[PDB]
Amino acid sequence: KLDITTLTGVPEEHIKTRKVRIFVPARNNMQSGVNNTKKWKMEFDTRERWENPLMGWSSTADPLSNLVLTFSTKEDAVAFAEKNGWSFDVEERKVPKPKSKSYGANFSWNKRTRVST
Amino acid sequence: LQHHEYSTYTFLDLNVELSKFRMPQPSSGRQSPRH
Amino acid sequence: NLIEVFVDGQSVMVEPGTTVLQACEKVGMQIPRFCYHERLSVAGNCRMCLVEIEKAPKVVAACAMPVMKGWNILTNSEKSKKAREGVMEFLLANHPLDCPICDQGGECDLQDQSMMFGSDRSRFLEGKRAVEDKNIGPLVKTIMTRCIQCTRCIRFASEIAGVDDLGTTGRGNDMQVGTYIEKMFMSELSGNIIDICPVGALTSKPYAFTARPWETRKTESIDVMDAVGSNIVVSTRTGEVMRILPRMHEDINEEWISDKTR
Amino acid sequence: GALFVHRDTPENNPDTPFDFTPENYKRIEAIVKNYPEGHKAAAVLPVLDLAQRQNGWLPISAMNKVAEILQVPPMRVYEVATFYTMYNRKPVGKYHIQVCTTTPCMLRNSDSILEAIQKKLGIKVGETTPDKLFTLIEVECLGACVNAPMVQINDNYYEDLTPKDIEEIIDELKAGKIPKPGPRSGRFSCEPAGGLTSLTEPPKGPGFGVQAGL
Amino acid sequence: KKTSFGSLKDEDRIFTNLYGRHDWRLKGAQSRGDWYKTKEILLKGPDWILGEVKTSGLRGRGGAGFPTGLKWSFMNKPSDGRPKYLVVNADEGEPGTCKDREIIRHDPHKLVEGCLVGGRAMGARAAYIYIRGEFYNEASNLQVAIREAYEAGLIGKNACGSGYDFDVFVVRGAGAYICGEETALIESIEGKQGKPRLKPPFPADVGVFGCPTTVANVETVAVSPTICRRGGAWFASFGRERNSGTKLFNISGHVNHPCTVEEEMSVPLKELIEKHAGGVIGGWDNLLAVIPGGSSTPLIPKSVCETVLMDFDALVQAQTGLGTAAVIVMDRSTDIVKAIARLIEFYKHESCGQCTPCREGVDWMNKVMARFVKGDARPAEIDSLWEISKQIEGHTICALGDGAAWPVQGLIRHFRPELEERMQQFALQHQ
Ligand SMILES: Cc1cc2nc3c(=O)[nH]c(=O)nc-3n(C[C@H](O)[C@H](O)[C@H](O)COP(=O)(O)O)c2cc1C
Ligand code: SF4
Ligand code: SF4
Ligand code: SF4
Ligand code: FES
Ligand code: FES
């Protein structure tokens, strides 16, 4: 029942009207590396972005647009969200299921796994 | 000295002759791996 | 019947037939790779997976070597690091200096693995090779000069897509990937070769030159084009959608999305 | 220097007419009988050799026909055609002069034979005579390194060659006469030039030194 | 117990018709002792044949020289329902190697009876003899001999009346040196590109058509019937321990009488060159950097050549290999750099390309060696090339990469001063 909301100084609109997403970032499918999928991340909900009339740069009014936090475990992120009074959605970690790989299978005598090239 | 006179299809024709002596081939059980 | 093997002295129990690379994953070590995709078949051509097993004179490819009981996998031994440096040098000997203009720039496995397991300078004092570009369709922009013959595209097309139109022509350093004829690679999962390609040899034509990886903000979402419900990552920069990338969900879509979704 | 991509041309378009003769079809059937059922893709190499022998070179239509007959994807046939050197993906001369320029043959002054062939034919290596009867190509070890120099023609080995010998053989081929394959010097085989230092005695015969317990 | 080998009588020569003077047909082979009591050998059993091979101490003639008996005994396990095959490697792709050509051309029935004996030993239904495509006439001769054996019933159903069904198929290559590799050979027979597989799945367990298959060099298969008939101890008598047998030797290069001769293993290299090859051109003084066992094996300078013995372990001590037993001889009037660079160019033209070390490093070595023969390089490029070769060796999935690295290492180790002299001379020329 810890509540730091009064002490944080965050204005009430972002405390109440923002949904924070707790998740482990998925691997960038362009790369096979997995080092960026080992820590939980807290990200706020996306808001409106509009073009500046003068230059066309994207302007925002969301202070927490770029705020992202790293947490070792899901429970730590949940506790931080609760202590800060942010509504939170938790996406369970997705792990690659174990696979059975056999280089011999590429030359099966009767199975369809034989590779044409 | 026999090798001096061999045609283009000599090897394949010899294979055709040998086809009769060949024993039955073993089968994977499927027409093709793609099958 | 789990057997006991050691990775850098740490005991890990793996089922028989497990590859050395998979045990290294079990202990958390990600063996560097360029030709191994878990979805695809094992090929053993990248040679970056060469790791040293204790008391074994010859390094072995982690992707293609089933583990044996009692083996100790030295993933950071001097032999392993030297093999990695040599393989990286051979890969980069002919690779073109296209990083600034290559769309893969910033998300290139070749770049990152060179920064992490390769030398910081080049001893290649000769001319590099150049390969004529092949046209495989209106979706995949092709620069074959950057190809490393990892054979991921070929194996993917053969196994997942099921279209046996991509293959390797020639032998030696002149070996080239791609249709020997002017055929177009048409399939639902054709765009996935862009994702599967480690290098920017095969890249997205609509996405070409538009944006760089670090700029993009990634939002995880679900596709609506089909009722499959494939998980996707919507990459947006400055409030504009730049590209759609697959997101892994083993139950629904392993790592692929349809061309329409992409 | 040959490219490994196919650019469609009027001579080498997919509609170029090629089909196996019925005798060649029977030969193909015998070939397929050799390999086990369910692995008829093993016949790609001999059938491609048969097609090249029938046509003299392999057009794309021939590769497609081989793929259709053996029920294999055409890309596999293209890979086989490109990978192996013996297959000719371009039209070649009546007689294909293949000069072994590897180190063993090189030591036996193979370059002299090569230069003699160039001068007599008038074509540099990798070119075809305007008469389209002779194509000169250098190759690697052909297996007759001991009898070097050695140049191969369509299927015959003319080994232990001298520039005069190669010029004479080219003249015979031009006249339409078929030279006898083999060492054009005194020797008949891998035999020592001066005389047999081994196997001088007659063969021992059956039952010689046979282990008693058999 | 004999401390000096090198003299072999015609009686103990296995390849009696090596030079082809006698008839190569079935009548000639039977007159020369081939196909004699083969029925008894087959009826004796697979174990006795394998034990005879093991007692013979035969080492593989392809170049790797693994113990033949154990290599074949790997196949002795009971069948799982899949067929078993024996593949005779007749690629003859190693530069300088011509022994298998003579074997197939002039004594084909030897190879056929060897195939029957080995397939009985391996429990193989059939044998495929993969012959280099350029060897068309030899392939036709082998086919003729196979036809004759089929007519006589020596092969086929109830082969030699032994109740064993065996077939020999001749498959012709399409001009690739790499096909000589056992896994590359298996793939080539399977109809794909002749690109060697990975070793972990061994050929014994998975081979041609995904079935148990053993690959043996033509000489290794051909000597099997004579080893069985004469006895394993007979083969063991010739040569040193662990190097037993009589090995065909191909002497080429700067020799007065290039020839292929059969002699006992461990024969002194000087004795083989002077006795049979007619001696080095210009005398033994003109000797420079004999290639002991074909291109793959590193060169040995003249000084080592004086006292070296031509056997596996001894030449390994000489930092070289017996290899295919092909002896290539260079006189002092030879650019050793040019010869080695031409060999590396051969390796470049014959690489598959699948393995990145081979695909890129072999071309890199070829370009560097070309610059070397030109002399257009700095001295440290020697060390750089050595390190490149070391990277290639032991990493390539195939052994062609090591086969390419070894010549470079030998050339550096034994002739670095020539390389440095040529570089200095080039620099002086261009100023
Ligand atoms: C690149 C390469 C080329 C080879 N070429 C041949 C060859 O032409 N003939 C041959 O018998 N073995 C060749 N081999 C050796 C074979 O791979 C295999 O070791 C041999 O056939 C085994 O014969 P053995 O049982 O007598 O040792 C080659 C090996 C490599 C790596
Ligand atoms: S694909 Fe090649 S050129 Fe493009 S970023 Fe990666 S390393 Fe650089
Ligand atoms: S094009 Fe890309 S995926 Fe295909 S082999 Fe080359 S690097 Fe691999
Ligand atoms: S080492 Fe070279 S020739 Fe051997 S399999 Fe690898 S790429 Fe092919
Ligand atoms: S990708 Fe692992 S050995 Fe090449
Ligand atoms: S070196 Fe000429 S045939 Fe091999």
# chains A, B, ... in the order shown; residues from 1 in each chain; ligands from 1
call {"tool": "interface_residues", "arguments": {"of": "chain B", "to": "chain A", "cutoff": "9 Å", "atoms": "only C-alpha atoms", "output": "ChimeraX atom specification"}}
result
/B:27-30,32-35
call {"tool": "write_last_selection", "arguments": {"atoms": "C-alpha atoms", "output": "short mmCIF file (atom, residue, chain, number, x, y, z; two decimals), in the first residue's frame"}}
result
data_model
loop_
_atom_site.label_atom_id
_atom_site.label_comp_id
_atom_site.auth_asym_id
_atom_site.auth_seq_id
_atom_site.Cartn_x
_atom_site.Cartn_y
_atom_site.Cartn_z
CA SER B 27 13.08 -48.33 -51.95
CA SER B 28 12.70 -45.54 -49.40
CA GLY B 29 8.96 -46.18 -49.34
CA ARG B 30 8.06 -42.87 -50.98
CA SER B 32 10.20 -38.62 -53.67
CA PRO B 33 11.18 -36.73 -50.51
CA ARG B 34 9.01 -33.90 -51.86
CA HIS B 35 6.16 -36.44 -51.98
#
call {"tool": "residues_around", "arguments": {"residues": "residue 110 (chain C)", "least_positions_apart": "6", "cutoff": "9 Å", "atoms": "only C-alpha atoms", "output": "PyMOL selection string"}}
result
chain C and resi 34+88+91-92+198-199
call {"tool": "write_last_selection", "arguments": {"atoms": "N, CA and C atoms", "output": "PDB file, in the first residue's frame"}}
result
ATOM      1  N   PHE C  34      26.396 -16.891 -38.036  1.00  0.00           N
ATOM      2  CA  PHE C  34      25.957 -16.226 -39.261  1.00  0.00           C
ATOM      3  C   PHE C  34      25.132 -17.103 -40.189  1.00  0.00           C
ATOM      4  N   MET C  88      35.780 -13.812 -39.083  1.00  0.00           N
ATOM      5  CA  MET C  88      35.294 -12.461 -39.337  1.00  0.00           C
ATOM      6  C   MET C  88      36.150 -11.760 -40.380  1.00  0.00           C
ATOM      7  N   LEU C  91      35.234 -13.060 -43.754  1.00  0.00           N
ATOM      8  CA  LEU C  91      33.947 -12.514 -44.166  1.00  0.00           C
ATOM      9  C   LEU C  91      34.093 -11.084 -44.667  1.00  0.00           C
ATOM     10  N   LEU C  92      34.875 -10.271 -43.968  1.00  0.00           N
ATOM     11  CA  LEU C  92      35.002  -8.865 -44.316  1.00  0.00           C
ATOM     12  C   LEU C  92      36.062  -8.597 -45.374  1.00  0.00           C
ATOM     13  N   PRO C 198      21.317 -11.938 -42.738  1.00  0.00           N
ATOM     14  CA  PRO C 198      22.153 -11.201 -41.777  1.00  0.00           C
ATOM     15  C   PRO C 198      22.672  -9.885 -42.315  1.00  0.00           C
ATOM     16  N   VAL C 199      22.977  -9.825 -43.604  1.00  0.00           N
ATOM     17  CA  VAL C 199      23.577  -8.641 -44.194  1.00  0.00           C
ATOM     18  C   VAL C 199      22.546  -7.929 -45.046  1.00  0.00           C
TER      19      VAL C 199
END
call {"tool": "interface_residues", "arguments": {"of": "chain E", "to": "chain B", "cutoff": "8 Å", "atoms": "only C-alpha atoms", "output": "list in words"}}
result
residues 83, 137, 138, 139, 140, 141, 143, 144, 147, 150, 156, 157, 165, 166 and 167 of chain E
call {"tool": "closest_atom_pairs", "arguments": {"of": "chain E", "to": "ligand 4", "cutoff": "8 Å", "atoms": "only C-alpha atoms and all ligand atoms", "output": "JSON lines"}}
result
{"residue": "E:178", "atom": "CA", "partner": "ligand 4", "partner_atom_place_in_ligand_line": "3 (S)", "distance": 5.8}
{"residue": "E:181", "atom": "CA", "partner": "ligand 4", "partner_atom_place_in_ligand_line": "4 (Fe)", "distance": 7.9}
{"residue": "E:184", "atom": "CA", "partner": "ligand 4", "partner_atom_place_in_ligand_line": "5 (S)", "distance": 7.6}
{"residue": "E:195", "atom": "CA", "partner": "ligand 4", "partner_atom_place_in_ligand_line": "5 (S)", "distance": 5.6}
{"residue": "E:196", "atom": "CA", "partner": "ligand 4", "partner_atom_place_in_ligand_line": "5 (S)", "distance": 4.6}
{"residue": "E:197", "atom": "CA", "partner": "ligand 4", "partner_atom_place_in_ligand_line": "5 (S)", "distance": 7.1}
{"residue": "E:350", "atom": "CA", "partner": "ligand 4", "partner_atom_place_in_ligand_line": "3 (S)", "distance": 6.9}
{"residue": "E:351", "atom": "CA", "partner": "ligand 4", "partner_atom_place_in_ligand_line": "3 (S)", "distance": 4.1}
{"residue": "E:352", "atom": "CA", "partner": "ligand 4", "partner_atom_place_in_ligand_line": "8 (Fe)", "distance": 3.9}
{"residue": "E:353", "atom": "CA", "partner": "ligand 4", "partner_atom_place_in_ligand_line": "7 (S)", "distance": 4.1}
{"residue": "E:354", "atom": "CA", "partner": "ligand 4", "partner_atom_place_in_ligand_line": "7 (S)", "distance": 4.4}
{"residue": "E:355", "atom": "CA", "partner": "ligand 4", "partner_atom_place_in_ligand_line": "7 (S)", "distance": 3.9}
{"residue": "E:356", "atom": "CA", "partner": "ligand 4", "partner_atom_place_in_ligand_line": "7 (S)", "distance": 6.6}
{"residue": "E:357", "atom": "CA", "partner": "ligand 4", "partner_atom_place_in_ligand_line": "7 (S)", "distance": 7.2}
{"residue": "E:358", "atom": "CA", "partner": "ligand 4", "partner_atom_place_in_ligand_line": "2 (Fe)", "distance": 4.2}
{"residue": "E:359", "atom": "CA", "partner": "ligand 4", "partner_atom_place_in_ligand_line": "7 (S)", "distance": 5.4}
{"residue": "E:396", "atom": "CA", "partner": "ligand 4", "partner_atom_place_in_ligand_line": "1 (S)", "distance": 4.5}
{"residue": "E:397", "atom": "CA", "partner": "ligand 4", "partner_atom_place_in_ligand_line": "6 (Fe)", "distance": 4.8}
{"residue": "E:398", "atom": "CA", "partner": "ligand 4", "partner_atom_place_in_ligand_line": "4 (Fe)", "distance": 3.2}
{"residue": "E:399", "atom": "CA", "partner": "ligand 4", "partner_atom_place_in_ligand_line": "4 (Fe)", "distance": 5.3}
{"residue": "E:400", "atom": "CA", "partner": "ligand 4", "partner_atom_place_in_ligand_line": "4 (Fe)", "distance": 4.5}
{"residue": "E:401", "atom": "CA", "partner": "ligand 4", "partner_atom_place_in_ligand_line": "1 (S)", "distance": 4.2}
{"residue": "E:402", "atom": "CA", "partner": "ligand 4", "partner_atom_place_in_ligand_line": "1 (S)", "distance": 7.3}
call {"tool": "write_last_selection", "arguments": {"atoms": "C-alpha atoms", "output": "mmCIF file, in the first residue's frame"}}
result
data_model
loop_
_atom_site.group_PDB
_atom_site.id
_atom_site.type_symbol
_atom_site.label_atom_id
_atom_site.label_comp_id
_atom_site.auth_asym_id
_atom_site.auth_seq_id
_atom_site.Cartn_x
_atom_site.Cartn_y
_atom_site.Cartn_z
ATOM 1 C CA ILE E 178 36.505 -31.440 -54.639
ATOM 2 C CA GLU E 181 36.306 -35.687 -50.839
ATOM 3 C CA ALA E 184 31.613 -34.423 -51.485
ATOM 4 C CA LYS E 195 30.080 -29.857 -51.587
ATOM 5 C CA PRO E 196 31.476 -31.818 -48.623
ATOM 6 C CA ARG E 197 29.134 -32.310 -45.670
ATOM 7 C CA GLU E 350 38.666 -26.153 -57.184
ATOM 8 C CA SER E 351 37.134 -24.727 -54.001
ATOM 9 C CA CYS E 352 33.417 -25.212 -53.443
ATOM 10 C CA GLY E 353 32.978 -21.936 -51.572
ATOM 11 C CA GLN E 354 30.528 -23.085 -48.901
ATOM 12 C CA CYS E 355 32.995 -22.704 -46.029
ATOM 13 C CA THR E 356 33.929 -19.041 -45.569
ATOM 14 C CA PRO E 357 37.588 -19.725 -44.611
ATOM 15 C CA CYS E 358 38.124 -21.695 -47.799
ATOM 16 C CA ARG E 359 35.968 -19.468 -50.025
ATOM 17 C CA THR E 396 37.505 -25.332 -42.962
ATOM 18 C CA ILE E 397 34.766 -27.957 -42.949
ATOM 19 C CA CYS E 398 36.565 -29.708 -45.831
ATOM 20 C CA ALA E 399 40.239 -30.693 -45.961
ATOM 21 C CA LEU E 400 40.866 -28.811 -49.214
ATOM 22 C CA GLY E 401 41.423 -25.730 -47.056
ATOM 23 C CA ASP E 402 44.196 -27.476 -45.146
#
call {"tool": "residues_around", "arguments": {"residues": "region 33-35 of chain A", "least_positions_apart": "6", "cutoff": "12 Å", "atoms": "only C-alpha atoms", "output": "number ranges by chain"}}
result
A: 24-27, 95-96; C: 25, 28-34, 36-37, 107-113, 116, 198
call {"tool": "residues_around", "arguments": {"residues": "residue 210 (chain D)", "least_positions_apart": "4", "cutoff": "12 Å", "atoms": "only C-alpha atoms", "output": "ChimeraX atom specification"}}
result
/D:204-206,214 /E:12,33-34,36-38,40-41,225-234
call {"tool": "write_last_selection", "arguments": {"atoms": "N, CA, C and O atoms", "output": "tab-separated table (two decimals), in the first residue's frame"}}
result
chain	number	residue	atom	x	y	z
D	204	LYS	N	52.86	-64.43	-62.06
D	204	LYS	CA	53.03	-65.67	-61.32
D	204	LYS	C	51.91	-66.66	-61.62
D	204	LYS	O	52.16	-67.87	-61.75
D	205	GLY	N	50.68	-66.18	-61.74
D	205	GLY	CA	49.57	-67.04	-62.09
D	205	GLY	C	48.66	-67.34	-60.92
D	205	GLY	O	48.95	-67.01	-59.76
D	206	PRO	N	47.53	-67.98	-61.21
D	206	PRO	CA	46.54	-68.27	-60.16
D	206	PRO	C	47.10	-69.21	-59.10
D	206	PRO	O	47.91	-70.09	-59.40
D	214	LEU	N	42.35	-71.07	-46.70
D	214	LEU	CA	41.34	-70.46	-47.54
D	214	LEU	C	41.21	-71.26	-48.82
D	214	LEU	O	42.00	-72.17	-49.07
E	12	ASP	N	55.99	-60.22	-55.41
E	12	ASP	CA	55.23	-59.55	-54.37
E	12	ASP	C	54.48	-58.33	-54.87
E	12	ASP	O	53.78	-57.68	-54.07
E	33	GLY	N	46.03	-64.39	-61.79
E	33	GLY	CA	45.69	-64.74	-60.42
E	33	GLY	C	44.48	-64.04	-59.85
E	33	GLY	O	44.11	-64.33	-58.71
E	34	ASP	N	43.87	-63.12	-60.59
E	34	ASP	CA	42.69	-62.43	-60.08
E	34	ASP	C	41.48	-63.36	-60.11
E	34	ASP	O	41.41	-64.31	-60.88
E	36	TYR	N	40.54	-65.57	-57.97
E	36	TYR	CA	40.92	-66.94	-57.63
E	36	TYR	C	40.37	-67.29	-56.26
E	36	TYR	O	40.73	-66.66	-55.26
E	37	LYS	N	39.52	-68.32	-56.22
E	37	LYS	CA	38.91	-68.80	-54.98
E	37	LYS	C	38.22	-67.67	-54.22
E	37	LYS	O	38.20	-67.65	-52.99
E	38	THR	N	37.66	-66.70	-54.95
E	38	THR	CA	36.94	-65.61	-54.30
E	38	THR	C	35.75	-66.15	-53.52
E	38	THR	O	35.38	-65.59	-52.48
E	40	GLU	N	35.61	-68.85	-51.71
E	40	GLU	CA	36.07	-69.23	-50.37
E	40	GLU	C	36.23	-68.00	-49.49
E	40	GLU	O	35.85	-68.02	-48.31
E	41	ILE	N	36.79	-66.92	-50.03
E	41	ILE	CA	36.99	-65.71	-49.26
E	41	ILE	C	35.65	-65.15	-48.79
E	41	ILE	O	35.49	-64.78	-47.62
E	225	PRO	N	41.57	-58.01	-52.31
E	225	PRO	CA	41.57	-59.44	-52.66
E	225	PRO	C	42.94	-60.08	-52.56
E	225	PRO	O	43.05	-61.22	-52.09
E	226	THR	N	43.99	-59.38	-52.98
E	226	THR	CA	45.34	-59.94	-52.90
E	226	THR	C	45.80	-60.05	-51.46
E	226	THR	O	46.49	-61.01	-51.09
E	227	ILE	N	45.42	-59.09	-50.62
E	227	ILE	CA	45.71	-59.18	-49.19
E	227	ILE	C	45.01	-60.38	-48.58
E	227	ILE	O	45.57	-61.08	-47.72
E	228	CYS	N	43.77	-60.64	-49.00
E	228	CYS	CA	43.04	-61.80	-48.48
E	228	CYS	C	43.68	-63.10	-48.94
E	228	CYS	O	43.92	-64.00	-48.13
E	229	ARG	N	43.95	-63.22	-50.24
E	229	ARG	CA	44.50	-64.46	-50.78
E	229	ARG	C	45.89	-64.74	-50.23
E	229	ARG	O	46.15	-65.82	-49.70
E	230	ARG	N	46.80	-63.76	-50.33
E	230	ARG	CA	48.17	-63.99	-49.90
E	230	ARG	C	48.27	-64.06	-48.38
E	230	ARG	O	49.07	-64.85	-47.85
E	231	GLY	N	47.48	-63.29	-47.67
E	231	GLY	CA	47.49	-63.29	-46.23
E	231	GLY	C	47.93	-61.95	-45.67
E	231	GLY	O	48.79	-61.26	-46.22
E	232	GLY	N	47.33	-61.58	-44.53
E	232	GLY	CA	47.62	-60.28	-43.94
E	232	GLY	C	49.07	-60.13	-43.53
E	232	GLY	O	49.66	-59.06	-43.67
E	233	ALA	N	49.65	-61.20	-42.99
E	233	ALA	CA	51.06	-61.15	-42.61
E	233	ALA	C	51.96	-60.89	-43.81
E	233	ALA	O	53.02	-60.28	-43.66
E	234	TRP	N	51.55	-61.36	-44.99
E	234	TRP	CA	52.34	-61.08	-46.19
E	234	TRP	C	52.41	-59.58	-46.46
E	234	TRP	O	53.50	-59.04	-46.68
call {"tool": "interface_residues", "arguments": {"of": "chain E", "to": "chain A", "cutoff": "12 Å", "atoms": "only C-alpha atoms", "output": "NGL selection string"}}
result
:E and (80-84 or 183 or 186-188 or 190-212 or 354)
call {"tool": "interface_residues", "arguments": {"of": "chain C", "to": "chain A", "cutoff": "8 Å", "atoms": "only C-alpha atoms", "output": "CSV table (one decimal) with C-alpha atoms, in the first residue's frame"}}
result
chain,number,residue,atom,x,y,z
C,17,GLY,CA,21.5,-34.8,-29.6
C,18,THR,CA,21.6,-31.2,-28.3
C,19,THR,CA,24.0,-29.1,-30.2
C,30,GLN,CA,25.2,-16.9,-27.2
C,38,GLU,CA,16.9,-22.2,-35.3
C,41,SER,CA,18.1,-26.4,-41.1
C,42,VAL,CA,21.8,-26.5,-40.0
C,43,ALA,CA,24.3,-25.7,-42.7
C,64,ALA,CA,26.4,-28.6,-36.1
C,66,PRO,CA,26.0,-32.8,-31.0
C,107,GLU,CA,21.1,-3.5,-37.3
C,108,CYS,CA,23.7,-5.6,-39.0
C,109,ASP,CA,24.8,-8.9,-37.4
C,158,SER,CA,13.3,-24.5,-49.6
C,167,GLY,CA,20.1,-21.6,-55.0
C,195,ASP,CA,14.5,-10.4,-42.1
C,196,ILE,CA,16.4,-13.6,-42.3
C,197,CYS,CA,19.3,-12.1,-44.2
C,198,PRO,CA,22.2,-11.2,-41.8
C,238,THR,CA,8.6,11.0,-35.7
C,239,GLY,CA,5.0,9.8,-35.6
C,245,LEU,CA,8.5,-6.3,-38.4
C,246,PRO,CA,7.6,-9.8,-37.2
C,247,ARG,CA,7.5,-10.5,-33.4
C,248,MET,CA,8.2,-14.0,-32.1
C,249,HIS,CA,5.2,-15.9,-30.7
C,250,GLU,CA,5.9,-19.7,-30.9
C,255,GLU,CA,9.2,-15.5,-36.6
call {"tool": "closest_atom_pairs", "arguments": {"of": "chain D", "to": "ligand 6", "cutoff": "10 Å", "atoms": "only C-alpha atoms and all ligand atoms", "output": "Markdown table"}}
result
| residue | atom | partner | partner_atom_place_in_ligand_line | distance |
| --- | --- | --- | --- | --- |
| D:99 | CA | ligand 6 | 2 (Fe) | 8.3 |
| D:100 | CA | ligand 6 | 2 (Fe) | 4.9 |
| D:101 | CA | ligand 6 | 2 (Fe) | 6.6 |
| D:102 | CA | ligand 6 | 1 (S) | 4.8 |
| D:103 | CA | ligand 6 | 1 (S) | 6.1 |
| D:104 | CA | ligand 6 | 1 (S) | 4.4 |
| D:105 | CA | ligand 6 | 2 (Fe) | 4.5 |
| D:106 | CA | ligand 6 | 1 (S) | 7.6 |
| D:107 | CA | ligand 6 | 1 (S) | 9.2 |
| D:108 | CA | ligand 6 | 2 (Fe) | 9.4 |
| D:110 | CA | ligand 6 | 2 (Fe) | 8.9 |
| D:139 | CA | ligand 6 | 2 (Fe) | 8.4 |
| D:140 | CA | ligand 6 | 4 (Fe) | 6.3 |
| D:141 | CA | ligand 6 | 4 (Fe) | 2.7 |
| D:142 | CA | ligand 6 | 3 (S) | 3.5 |
| D:143 | CA | ligand 6 | 3 (S) | 3.9 |
| D:144 | CA | ligand 6 | 3 (S) | 3.9 |
| D:145 | CA | ligand 6 | 3 (S) | 3.9 |
| D:146 | CA | ligand 6 | 3 (S) | 7.4 |
| D:147 | CA | ligand 6 | 3 (S) | 8.0 |
| D:148 | CA | ligand 6 | 2 (Fe) | 6.1 |
| D:149 | CA | ligand 6 | 2 (Fe) | 7.1 |
| D:150 | CA | ligand 6 | 2 (Fe) | 6.5 |
| D:151 | CA | ligand 6 | 2 (Fe) | 8.5 |
| D:152 | CA | ligand 6 | 3 (S) | 9.4 |
| D:157 | CA | ligand 6 | 3 (S) | 9.8 |
| D:159 | CA | ligand 6 | 3 (S) | 9.0 |
call {"tool": "residues_near_ligand", "arguments": {"ligand": "ligand 3", "cutoff": "10 Å", "atoms": "only C-alpha atoms and all ligand atoms", "output": "PyMOL selection string"}}
result
chain C and resi 34-35+46+110+142-157+166-168+176-178+192-203
call {"tool": "select_by_dssp", "arguments": {"residues": "region 143-260 of chain C", "states": "helix (DSSP H, G or I)", "output": "PyMOL selection string"}}
result
chain C and resi 144-146+152-161+172-174+192-196
call {"tool": "closest_atom_pairs", "arguments": {"of": "chain C", "to": "chain E", "cutoff": "7 Å", "atoms": "only C-alpha atoms", "output": "tab-separated table"}}
result
residue	atom	partner	partner_atom	distance
C:45	CA	E:355	CA	4.7
C:46	CA	E:356	CA	6.0
C:47	CA	E:356	CA	6.6
C:58	CA	E:394	CA	6.3
C:65	CA	E:200	CA	6.0
C:83	CA	E:391	CA	6.9
C:86	CA	E:391	CA	5.7
C:87	CA	E:357	CA	6.2
C:90	CA	E:360	CA	5.6
C:91	CA	E:356	CA	6.7
C:171	CA	E:352	CA	4.8
C:172	CA	E:353	CA	4.0
C:173	CA	E:359	CA	5.1
C:175	CA	E:353	CA	6.4
call {"tool": "closest_residue", "arguments": {"among": "E:251, E:14, E:269, E:42", "to": "chain D", "atoms": "only C-alpha atoms"}}
result
E:251
call {"tool": "residues_around", "arguments": {"residues": "residue 31 (chain B)", "least_positions_apart": "5", "cutoff": "10 Å", "atoms": "only C-alpha atoms", "output": "ChimeraX atom specification"}}
result
/A:110 /D:37-40
call {"tool": "select_by_dssp", "arguments": {"residues": "chain A", "states": "strand (DSSP E or B)", "output": "PyMOL selection string"}}
result
chain A and resi 19-23+40-44+49-51+58-60+68-71+87-90
call {"tool": "write_last_selection", "arguments": {"atoms": "C-alpha atoms", "output": "CSV table (one decimal), in the first residue's frame"}}
result
chain,number,residue,atom,x,y,z
A,19,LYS,CA,-1.3,3.1,-18.9
A,20,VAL,CA,2.3,1.8,-18.5
A,21,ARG,CA,3.3,-1.4,-20.2
A,22,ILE,CA,5.6,-3.8,-18.4
A,23,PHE,CA,7.3,-6.2,-20.8
A,40,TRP,CA,12.2,-6.1,-18.2
A,41,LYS,CA,11.1,-2.7,-19.5
A,42,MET,CA,8.5,-0.2,-18.5
A,43,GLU,CA,7.1,2.0,-21.2
A,44,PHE,CA,4.3,4.5,-21.2
A,49,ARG,CA,2.5,13.7,-32.1
A,50,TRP,CA,2.0,16.5,-34.6
A,51,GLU,CA,4.1,18.4,-37.2
A,58,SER,CA,7.3,16.1,-34.8
A,59,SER,CA,6.1,18.0,-31.7
A,60,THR,CA,4.7,16.4,-28.6
A,68,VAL,CA,11.6,4.0,-20.4
A,69,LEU,CA,12.8,2.1,-17.4
A,70,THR,CA,14.7,-1.2,-17.0
A,71,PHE,CA,13.8,-3.7,-14.3
A,87,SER,CA,-2.1,1.6,-14.1
A,88,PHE,CA,0.1,-1.2,-15.4
A,89,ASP,CA,-0.3,-4.0,-18.0
A,90,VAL,CA,2.2,-6.9,-17.7
call {"tool": "interface_residues", "arguments": {"of": "chain E", "to": "chain D", "cutoff": "6 Å", "atoms": "only C-alpha atoms", "output": "ChimeraX atom specification"}}
result
/E:10,19,31-33,92,95-96,98,174-176,190-191,193,229-231,252-253,257-260,276,339,342
